[PDB]
């Protein structure tokens, strides 16, 4: 009966039924997005209304619709026709991805280009990629994908080893027309295979790894109730899943004595962008918004036990809609387990004679998704001591190109003739804060050095300063690692026993933000990625840092539009949006399949508790 429960197969089929009955889901209609809406603010003793938001595409070229349905009540709440040239195209449909290669296979310009390179069309795979917004006026209001070619020598060959550089095509996936084929000239197609399961390349597999067995003989220490409500070591939360954002955490709270104390109302990765830094016209348009354009939840992997998730694992199998409104289960799509995390606290005291050691643990909630060549793991961790952490794990096969004769300032060499364009992977975590409730504020805290002199005659003193971010115009912040800059979210009306506002401190990794020129298309479409931290006043329609419709959508929506409202954020219902990312200059070690690399952030309690919250953890 929780309003935060996962969508059921039945709810999705019911949305389908309601849309059908309403005349909104005839044979030419396709569901491009469907997700449950969160309950509105307040929603106390008010009866539940489970509502779903739906983006409906039309394959005949009619205008799409945004629709809200009450599945509880069997009604359409609202339905509005979208002008996609203005507000953006709907997310890419899985069915549209296949279209590109099929259409290109009988296009005379494409065939001419392949023949110039002596490539069999039957062996040429096309990566169908999001198009963005550049100088092509005819694309405005049209659903376009751009295709890059890769040769697959046999069915089990890794095509990524064989990029076909100097060639790109653009395709209208509704009218099913090839709008453009650009051939800037032949490059050698790299010849070495990248088949990481071929014994020829791996050599004999190691026989040196002895097993590691992780078990829980009495089961896990967390409980799951209502399908997705987790209780573990004082923590309480609900594990949601949305087709766009993937795993979303709701109602993160900590039971301190008798009181369930809220910390974060909603945590998600609300966008992720992968901008490429190769100025070649073959790839200079390439920017994946995996969340906004592709929908990362849609491509979540089914995770195998003893392989993707090790230990005593509890799975959730979230349900999503297919293109026709039928429910589809992602079996074992979400892993939940606890794991040991080394020493929590330790002191061997001479004077008392007491030696004390306690172990730490963390609760892990994760999923993994595959977007073409890339595979991303999203991990949320809750620790015994009140720390909350996110970590992204980036792996997959690197996106390749030719390596130019005489080198490149924007591409690295992986193998003979094989290049990897430089790129970033940049995430936006949207943290709808609720530190002891909704009345919150943000301070930027920097270390403050002090000069030797009166009051500091030994020149040893150092301090810090906190600056309250009072209004949204003042709340777009950059990192400063050199000064130890962090941001504290506190509740000015909730004081700890020492009469200080309770708080949590966000610790960033201080990785580089978006590197593109500030006047580029990508700097405008991914404006959030240009700054490390933004704070907005909560609003129900401000969900993504890039707005609702990212595909082929220019700037005009998202975070820059939200903060222009210049709203009060000093002791109000606020949302923190943290940008963090990896800057990747691919190395030879990343080829032919890349070892995981990571990036993330954490929040640690900062005068939230009246003393350590783990004094009651038992020995051994």
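Positions refer to the first chain, counted from 1.
- When the two stretches 218 to 226 and 327 to 335 are set side by side, the higher mean Cα temperature factor goes to 218 to 226.
- Stretch comparison (146 to 154 versus 411 to 419) by mean CA B-factor in the PDB entry places 146 to 154 on top.
- Out of 595, 558, 586, 42, the entry records its largest CA B-factor for 42.
- The entry assigns its greatest Cα B factor, within the set 210, 346, 543, 505, to 210.
- In the deposited entry, the Cα temperature factor of residue 607 places it in the middle third of its chain's modelled residues.
- When the modelled residues of the chain are ordered by C-alpha B-factor, residue 590 sits in the lowest third.
- Split the chain's modelled residues into thirds by C-alpha temperature factor. Residue 105 is in the highest one.
- Among the modelled residues of its chain, residue 18 has a C-alpha B-factor that falls in the middle third according to the deposited record.
- Among the modelled residues of the chain, residue 196 sits in the highest third by CA temperature factor in this PDB entry.
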